[PDB]
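Student: To start, I am sharing the structure in question, which I have written as structure tokens.
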């Protein structure tokens, strides 16, 4: 709701928690030490 | 394009933390003991209790010391009287004693507390709050891999004492808000989760889930030397044979037995024919400096890129005698050795650092409750190591067909109720695909749920396996 956002914007809360596990995302091929491996993601989270 | 890797597809599974219910909050009664240490003042206690006496019960502290006795907590629990459950806050914000990962002070006290409740005839579910001991996915870093050891034995404790074991409740590192927000519902939850990971974005239950194997085009080769720890023991034995088959330029089966192993010369000859430059070495893995001079003893002619830690010692895994130092000197070959190899290879460009673990940390296994922590430390090491710049693969090997490292009384029992012998001629291809997908922590087992459902969810319904589709039967 636009009221529960004022309880995130007014008390200074970051919504960046982590990647979704609901969505059947691999979450294992998304992250490899090689930063140029095709299929990997660089952010280890984000507000989802 | 693939039909054989389909058998591999049915072999590889992964543990993913799916958002579960925070439990159904019921007004508790009697007392809930916040069992922990006394060394430092804990805001964790004040935050947990504020929703514990508000949960309907009262809050009582139980200061447990490192190997203070398998009985002390029992007479203390009897002294207070009937308890509806206990909150182990001894595994919060606690460093690994750098002496040994399995000598984690908390693991010992958790085991002693479990068997003290068993000996106290109290019959209440114990909950173990852990500080980010496990990750809800590779988007999180497992702070202390040793702590997952508790989780390891935790997944076994429920198979011994469903009444005494409630489960584990993982909370983020440093923040105690998730405790106040959820513990009251979680410990009293009718949802049934024995594995909990409270995060800012909700409540996550551990779940076994099918691993997809599209057979990615990327190919891992054994190029370089291979530090096969416990290379004589089958778990490393067939792995080294497979290396030589795949084209390993160099091999370095290393094990205290080594040249003095029953099957050393035979193994060496096999891989010497399949591949080349194979070397067996009688060397300790527990000592940091032994591995240091072994890796410095690794000829500068060939770099090391494939440390395959396979050694694992095991005699018994019964919670009745399981104390923390017992787990320690039982599996020090596994954990310390893995810690030493990790800390040494942090400066090495390894294309593979596969930690060979078992199902004991994947699901519960009686008689492997002392073998479970070591595998749980292995899983946590790969979960972080992949949260750094060094690839690691914690394959949870089910019953190996030919080895004897975990092929003992428990293996033959589980053979007739679920996990069956996975043939090496397909488990080696499972390892190949776990390095083709660069899977951080795979679980390769041939478990039949027709027999597994009535051998796991029978004593404790577990929502762990409510994500695998053919686990309904």
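None of the figures in this text is laboratory data; all of them are computed from the coordinates on show. Please note: Cβ atoms are built from the backbone with ideal geometry, for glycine as well, and neighbour counts cover all protein chains shown.
Student: Counting only C-alpha contacts under 8 Å and six or more residues apart, can you give the relative contact order of chain B as a whole percent?
Tutor: It rounds to 19 percent for chain B.
Student: Next question, about the same structure. Normalised by the number of residues in segment B:321-473, what is the relative contact order in percent for Cα pairs under 8 Å and 6+ residues apart?
Tutor: After rounding, I find 22 percent.
Student: For the protein assembly as shown, state the average projected area of the convex hull of the C-alpha atoms over all orientations, rounded to one decimal in nm².
Tutor: Averaging across all directions leaves 24.3 nm² for the Cα convex hull.
Student: Something else about it: Treating the angle as unsigned and between 0 and 90°, give the value, to the nearest 10°, between the Cα long axis of helix B:324-345 and the longest Cα principal axis of chain B.
Tutor: Once rounded, one gets 50 degrees.
Student: Further question: Binning every alpha carbon pair distance of chain B at 10 Å from zero, what are the percents per bin?
Tutor: Answer for chain B: a P(r) of 4, 22, 32, 24, 13, 5, 1, 0 percent.
Student: Given a cut-off of 17 Å, what percent of all Cα-Cα pairs of chain A lie beyond it? Display every interim value, and only then the final one.
Tutor: Values: 561 of 1128 pairs.
Tail of P(r) above 17 Å: 50 percent of Cα pairs.
Student: Relative contact order for segment B:280-371: what is it in percent, counting Cα pairs under 8 Å that are at least 6 residues apart?
Tutor: Relative contact order of segment B:280-371: 42 percent.
Student: Taking only Cα atoms, what is the 0 to 90° angle, nearest 10, from helix B:372-385's long axis to the longest principal axis of chain B?
Tutor: With rounding to tens, the tilt is 70 degrees.
Student: Please rank A:28, B:201, B:170, B:262, fewest neighbouring Cβ atoms within 10 Å first, as an exposure proxy.
Tutor: By the 10 Å Cβ count, ascending: B:262, B:201, A:28, B:170.
Student: Further question on the same structure: Could you work out [θ]222 nm for the protein assembly as shown from helices alone, using -39500 (n - 2.57) per DSSP H run of at least four and dividing by all its residues? Round to the nearest 500 deg cm²/dmol.
Tutor: -9500 deg cm²/dmol
Student: If one computes the Cα centroid of segment B:329-352 and of segment B:59-97, what distance in Å separates the two points?
Tutor: 32 Å
Student: Next up: Hey, how many Å between the Cα centroid of segment B:101-124 and the Cα centroid of segment B:442-473?
Tutor: Computed from Cα coordinates, the inter-centre distance equals 27 Å.
Student: Still on this structure, I have one more. Multiply the residue separation of residue B:301 and residue B:78 by 0.36 nm, subtract the distance between their alpha-carbon atoms, and state the gained length in nm to one decimal.
Tutor: Fully extending the segment from residue B:301 to residue B:78 adds 73.8 nm.
Student: What does the structure give for B:345-351 when I average, per residue, the other chain Cβ atoms found within 10 Å of the residue Cβ?
Tutor: 0
Student: On a 0 to 90 degree scale, rounded to 10, what angle separates helix B:424-436 from the longest Cα axis of chain B?
Tutor: So the helix axis and the longest Cα principal axis differ by about 80 degrees.
Student: Cut-off is 10 Å between beta-carbons; in what order do B:117, B:422 appear when sorted fewest neighbours first? Numbers along the way, then the final one.
Tutor: Numbers: B:117 26, B:422 20.
Neighbour counts put them in this order, fewest first: B:422, B:117.
Student: Shifting gears a bit: In whole angstrom, how far apart do the alpha carbon centroids of segment B:268-313 and segment B:183-209 sit?
Tutor: Cα centres, segment B:268-313 to segment B:183-209: 42 Å.
Student: For segment B:1-131, would you read off the P(r) tail past 24 Å as a percentage of all alpha carbon pairs?
Tutor: Every Cα pair in segment B:1-131 considered, those over 24 Å come to 41 percent.
Student: Fewest to most neighbouring Cβ within 10 Å: what's the order for B:342, A:42?
Tutor: A:42, B:342
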